[PDB]
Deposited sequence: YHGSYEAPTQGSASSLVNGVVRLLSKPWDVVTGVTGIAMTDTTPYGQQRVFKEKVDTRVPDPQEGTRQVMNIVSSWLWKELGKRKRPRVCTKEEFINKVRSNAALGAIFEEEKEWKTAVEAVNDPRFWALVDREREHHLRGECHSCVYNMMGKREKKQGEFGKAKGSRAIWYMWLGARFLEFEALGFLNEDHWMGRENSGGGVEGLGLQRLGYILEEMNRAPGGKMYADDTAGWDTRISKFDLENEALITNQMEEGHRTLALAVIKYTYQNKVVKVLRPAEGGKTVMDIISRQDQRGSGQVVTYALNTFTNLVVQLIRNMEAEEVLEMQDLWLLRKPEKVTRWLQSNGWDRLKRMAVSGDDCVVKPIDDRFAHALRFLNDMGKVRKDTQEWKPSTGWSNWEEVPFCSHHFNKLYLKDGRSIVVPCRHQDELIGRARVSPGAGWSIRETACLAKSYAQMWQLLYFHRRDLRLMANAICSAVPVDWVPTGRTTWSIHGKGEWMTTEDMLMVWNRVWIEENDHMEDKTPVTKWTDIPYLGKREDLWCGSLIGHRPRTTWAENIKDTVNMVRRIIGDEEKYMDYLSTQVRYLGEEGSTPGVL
């Protein structure tokens, strides 16, 4: 279950152990309904819901957007697959669900994938048309990779206010379903069926993001003393909620970064820290006040923090970072018991090229990545998965030169980089400050690491020996 290629090229980390509910009350529910209705209509000002098609689903399936992918392509080509979809949709239009599989017979597999299409048909517009994208939603970050999220926190840091602060009920589900009020009747019926029966047993990412935006809007309202204690059991003067949303809702949305259950909020002051009563009544929490962060570069978001670094020419980038033990520990884990050398080497290359794109600023990872890429045949294609995060978009899964990919991601298509001058040398690309690298787990200066770095070419040649000296290798170390 260990990746032997990564393990052999990371010997200093062999001794690193880090590597080796009651209902919300009536007033709370009315607040939730008011805020949810408001936000859905704001999100729908510039977008109209639509039914996604069989043809869109087929096009998506053919690009995986294991060997199950070949089975899925065969399924969507099968007329029997779509006849079964048509029959189950007949049930959905009556508010029932019968053949859908939510959690090995080919019939069971067809109806699991058919359930996925029915969800995509009814609710795929949320992702396909980027309803929770930051442009449309203020607080969402849908579509952004780890290479961009840090810029959002940097922008939020510029707003005045306090520090930065970092379980779906049936009532949350009812509020999510309010989007169906913007649909035609057929579409609304299809969406209500998918919402109800998926819950009863990615679209849930968009709906999770919506619910979290509502929750954070409510927390700000409590923090700013618009909502009072008695409003938990009976909302007095509900129009005050509408007035606050009108006056302040968009400003507060733009003070948020929300990705599913992950969120950062920049409130207008630090009353936010103890605004926990509606949060708790909604079952979303303990009464300890939240601890805020004064430094935006330390705020955790989507398992990372984000650091502003400068190229030699003075242009800045904002990079994702996490403790190095987590990155090396994951790369050393192989999920396949088959333990094929080629599949293992190709997965190691995937991790190395990920590090070159996103974690190049870690001294240990740039060296270890170049060692891995020098030890795996240059023609072998990266395979496997290196992260479960929706914000790791997989640009490293390629045989293209990673400096060209780096340039595309950080320069060419980076909207925060107006100067599009290409970077022609890896030596122009910065590391973290040494103290910051050390803070996040770097072994620089540790004698076993120095020895590993000094003899890394010997270790690379040993891996090549094991994989096969007649393969073709490139030298990324010199």
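- Unmodelled regions of the deposited sequence, numbered from residue 1: 1-15, 36-58, 104-111, 150-165, 229-236, 272-300, 385-389, 583-598.
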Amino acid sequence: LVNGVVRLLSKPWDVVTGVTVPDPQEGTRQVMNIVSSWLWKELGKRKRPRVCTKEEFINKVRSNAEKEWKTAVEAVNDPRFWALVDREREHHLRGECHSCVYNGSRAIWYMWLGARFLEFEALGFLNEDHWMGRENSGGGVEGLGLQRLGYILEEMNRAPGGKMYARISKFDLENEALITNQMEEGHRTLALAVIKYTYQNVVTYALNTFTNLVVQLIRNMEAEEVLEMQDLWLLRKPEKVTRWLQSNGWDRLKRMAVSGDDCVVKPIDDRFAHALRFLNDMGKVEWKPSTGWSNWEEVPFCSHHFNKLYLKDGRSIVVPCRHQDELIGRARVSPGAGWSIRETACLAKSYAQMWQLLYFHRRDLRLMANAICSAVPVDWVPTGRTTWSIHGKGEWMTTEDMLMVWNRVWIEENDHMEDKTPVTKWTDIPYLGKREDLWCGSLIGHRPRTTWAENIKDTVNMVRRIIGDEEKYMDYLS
From here on, numbers count along this sequence of modelled residues.
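- Checked against the record, the higher mean CA B factor of 316-324 and 294-302 lies with 294-302.
- Per the PDB record, of the two stretches 75-83 and 238-246, 75-83 carries the greater mean B-factor over its C-alpha atoms.
- Reading the B-factor column for the CA atoms of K254, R188, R385, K349 in the entry, the top value corresponds to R385.
- Comparing the C-alpha B-factors of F272, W131, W233, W396 in the entry, the top value falls on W233.
- Sorting the modelled residues of the chain by their CA temperature factor places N307 in the lowest third.
- In the deposited entry, the Cα temperature factor of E286 sits in the top third of values across the chain's modelled residues.
- For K163, the recorded CA temperature factor ranks within the middle third of the chain's modelled residues.
- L178 sits in the lowest third of its chain by CA B factor, as recorded in the PDB entry.
- Among the modelled residues of its chain, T421 has a C-alpha B-factor that falls in the lowest third according to the deposited record.
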